[PDB]
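# all I have is the shape, not the residue letters:
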């Protein structure tokens, strides 16, 4: 909630970003994995990728894959306008029943 | 028909200077190309998913559009077509060898 | 236990007698577990160049 | 009637009419009808995600857990994995395990015991039966065997 | 008839038509039809 | 047709493996003796079938 | 300012600029995700307009199809005592 | 073909006030009822290529 924040000192919630990526460190042109964390405007962390695999620590799986695209397409993309027609007919039936005299 | 009997095939890809520098002594003439301009790629023929207004601000991550001519060309002039490869970014040739595979 | 550790380290069968006690630090890692957390697509900004 | 006619004509033009993960047996793998192969197409992506998570954790375990923690969890000898080759997953394969996979693995081990039961010595057969007992969640019989 | 047509078209577009815990044997584990795997999803 | 595409990819990779991976990498992946494949006959796939 | 001893260390301004440049594509992706999520629970863009007298009931066909697929795709991971087999 | 697949561009129904603009995606339905059966053979075995 937007109006929640711990009153004490070492429980205060802050929003820290993290730059997981590749950057050439020695300047020789060989990209070496790096990490970086900054809260607000102050940098608080900068190291090499500690994990042995030397890759970004994210795993992304699509639901319905998009051809030659990293992200995937969900289910409600094809189901578009079907919900619209079905809802517009159910609302019509309910209108027919309720706007009558029983 | 028969791709085996095709004499050339040109392919485009989004490479960066880091990728070219991954394997040295293979790419020549790497200094004629602009590497610090922060200019997004504007090739009208290569269609990709990269947003048109995205470009890395640093030097060795800049995205460039490099073509690659995979084909057959007679080198010794005797009439025997020998496989060749060629890569050029913009107007500068950066690679020309025989088919390594 | 220390006799076994010494045998594994050097290789000489040797028994032990306690003289006294020392006071060592020891950087124990209390928690050493992996964390797998489902992330929100509003929080991850992946490079759009990755064709 | 026109919608039905167009649907039938399209389905005749292209013969596509509208309308169990792992080393599973033949019957379950052959029971998959239409849309079951479409649900498996998403279950396999989900399984690949979990396999990637598993191998990421397994790679991290080799450098962060000390010897004592592993010899306490497993109660067996600690096997050292060289840190240089940790970026290849050379001699370890990881995949999710389901009930059907467990059943089929138990049947395969039983078949192996039946086949090589009189040719090889007692040690190999006993180890195979111990693995069968481990699949049955009897860790004490495995040690006794 | 329009509701039925839209339901059938949606079900054809996405092949999802509407309609035993533990180390259980194969028959009981394979007897689970639709909505039984949905009840097991809450039982778990 | 899809399988033929994957078979072509597989044989292209297998041909490339014979000249780019050193002995140590293969003896580490397979943990068996390295079998040398003559480079001259690598353009024929004579004694290897892939599917 | 210089946390590490590297010969070329990134600055927070550079990383922030890279994030800002990469944002718009992720914004479009999340626009599509938001549209799908709104269709899922019949709210926002798919919220039926409420006018006096007439109804505002919208059947959740997308949610029905999604719930008839959540369970079959999750059971394989929950059927064995050991999840990962190596 | 791609425009016919997702009902956009050349196959985009013309939107006029009052009348509908709903176009069923028959091509997409037929394509999704064929994506899965043609991909499972490659994903059924622990080892993809057999030589």
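Cool, the structure landed. Numbers count the residues shown, from 1 in each chain, chains lettered A, B, ... in the order given.
# and chain C, which residues reach chain B?
By Cβ under 8 Å from any Cβ of the partner chain, the residues of chain C that approach chain B are C:48, C:49, C:51. C-beta: built from backbone N, CA, C; applies to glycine.
# pick out the residue of chain A closest to chain B.
residue A:29 (3.5 Å; Cβ to the nearest Cβ).
# picking up where we left off before, out of the residues of chain C next to chain B, who has the most neighbours?
residue C:48 (22 neighbours; other Cβ atoms under 10 Å in any protein chain shown).
# can you pull the contacts of that residue?
Contacts for residue C:48 (Cβ atoms under 8 Å, 6 or more residues apart in numbering or on different chains) come out as B:49, B:50, B:51, B:54, G:22, G:24, G:25, G:26.
# pick the one among these closest to chain F.
Nearest to chain F among those: residue B:49, at 22.7 Å, using Cβ to the nearest Cβ.
# for the residue in chain B sticking out farthest from the centre, give me phi and psi.
Ranked by distance from the centre of chain B (Cα atoms, centre = their mean), the top residue is residue B:78, with 27.6 Å. With angles defined as degrees, to the nearest 10, residue B:78 sits at phi -90, psi 0.
# point me to the residue of chain G nearest chain H.
Counting by Cβ to the nearest Cβ, chain G gets nearest chain H through residue G:85, at 10.7 Å.
# that residue bridge partners, please.
The partner list for residue G:85 in beta bridges (DSSP bridges) reads residue D:95.
# isn't it right next to residue D:101, touching?
Yes - with contact defined as Cβ atoms under 8 Å, residue G:85 counts as touching residue D:101 (6.7 Å).
# quick one: common contacting residues for the two?
Joint contacts of residue G:85 and residue D:101 (Cβ under 8 Å, 6+ apart) are residue D:22.
# which of those two has more neighbours?
Each of residue G:85 and residue D:101 has its neighbours counted (other Cβ under 10 Å); residue D:101 has more, 21 against 18.
# OK, contacts around that one?
Residues counted as contacts of residue D:101 (Cβ under 8 Å, 6+ apart) are D:21, D:22, D:23, D:24, G:80, G:85.
# now restrict those residues to buried residues only.
By neighbour count, with 16 or more other Cβ atoms under 10 Å in any protein chain shown, the contacts of residue D:101 hold D:21, D:22, D:24, G:80, G:85 as buried.
# adding secondary structure, write those residues out as a markdown table.
Listed next are the buried ones among the contacts of residue D:101 as a markdown table, based on DSSP: H, G, I helix; E, B strand; the rest coil:
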| residue | secondary structure |
| --- | --- |
| D:21 | coil |
| D:22 | coil |
| D:24 | coil |
| G:80 | coil |
| G:85 | strand |
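# residue B:81 and chain C: what is the separation?
Separation of residue B:81 from chain C (Cβ to the nearest Cβ, to the nearest Å) stands at 32 Å.
# excluding covalently adjacent residues, which one is nearest to that residue?
Distance criterion Cβ to Cβ, 6 or more residues apart in numbering or on different chains; nearest residue to residue B:81, sequence neighbours excluded, is residue B:72 at 4.2 Å.
# wait, the one you found touches residue B:9, no?
No - the pair residue B:72 and residue B:9 fails to qualify as a contact (Cβ under 8 Å) at a distance of 10.0 Å.
# pick out whichever of the two has more residues nearby.
Set side by side, residue B:72 and residue B:9 show more neighbours around residue B:72, with 15 against 10, by other Cβ under 10 Å.
# direction included, what does whichever strand or helix holds the more buried one pair up with?
Using DSSP states H and E, residue B:72 sits in strand B:63-74. Strand B:63-74 has the following sheet partners, assigned by DSSP bridges: strand B:8-16 (antiparallel), strand B:81-89 (antiparallel).
# list phi and psi for the nearest residue to residue G:84 once chain neighbours are set aside.
The shortest distance from residue G:84 to any non-neighbouring residue, by Cβ to Cβ, 6+ apart, is to residue D:54 (4.2 Å). The phi/psi pair for residue D:54 (degrees, to the nearest 10) reads phi -60, psi -40.
# give me the number of residues near residue D:54?
Residue D:54, neighbours per other Cβ under 10 Å, totals 19.
# ok, now residue G:55?
Residue G:55 has 19 nearby residues by other Cβ under 10 Å.
# was I right about it contacting residue A:95?
Yes - Residue G:55 is within contact range of residue A:95, at 5.5 Å (criterion: Cβ under 8 Å).
# any idea which residue sits dead centre in chain C?
The centroid of chain C falls nearest to residue C:29 when counting by Cα atoms, centre = their mean (6.4 Å).
# next up, the contacts around that one.
Neighbouring residues of residue C:29 by Cβ under 8 Å, 6+ apart: D:64, D:66.
# are we agreed that it is in a strand?
No - under three-state DSSP, residue C:29 falls outside any strand and is assigned coil.
# let me know the helix or strand that residue D:70 is in.
Assigned by DSSP H and E, residue D:70 falls in helix D:67-74.
# and what of residue D:62?
Applying DSSP H and E, one finds residue D:62 within helix D:36-64.
# repeat for residue A:78
Residue A:78 belongs to no helix or strand when assigned by DSSP H and E.
# once you drop chain neighbours, what's closest to it?
Excluding the flanking residues, the one nearest residue A:78 by Cβ to Cβ, 6+ apart is residue E:13, at 4.4 Å.
# list phi and psi for the nearest residue to residue A:99 once chain neighbours are set aside.
Leaving aside its sequence neighbours, residue A:99 sits nearest to residue G:53 (Cβ to Cβ, 6+ apart; 6.4 Å). Main-chain torsions, residue G:53, degrees, to the nearest 10: phi 90, psi -60.
# do residue G:8 as well
Backbone torsions of residue G:8, given as degrees, to the nearest 10, read phi -150, psi 100.
# hmm, it is touching residue A:27, no?
Yes - using Cβ under 8 Å, residue G:8 is in contact with residue A:27, at 4.6 Å.
# ok, residue B:67 - contacts?
Residue B:67 sits next to B:10, B:11, B:12, B:87, B:88, B:89 when contact means Cβ under 8 Å, 6+ apart.
# quick one, what contacts the last one?
Right, the one you point to is residue B:89. Residue B:89 sits in contact with B:15, B:33, B:64, B:65, B:66, B:67, where contact means Cβ under 8 Å, 6+ apart.
# which residue is the nearest non-sequential neighbour of the first one?
Spelled out, it's residue B:15. Nearest residue to residue B:15, sequence neighbours excluded (Cβ to Cβ, 6+ apart): residue B:66, at 4.7 Å.
# would you check that the one you found makes contact with residue B:86?
No - counting by Cβ under 8 Å, no contact exists between residue B:66 and residue B:86, whose distance comes to 10.7 Å.
# now the residue of chain D found nearest chain F: how far from residue G:17?
For chain D, the residue closest to chain F is residue D:90, as judged by Cβ to the nearest Cβ, at 5.6 Å. Taking Cβ to Cβ, to the nearest Å as the measure, residue D:90 falls 40 Å from residue G:17.
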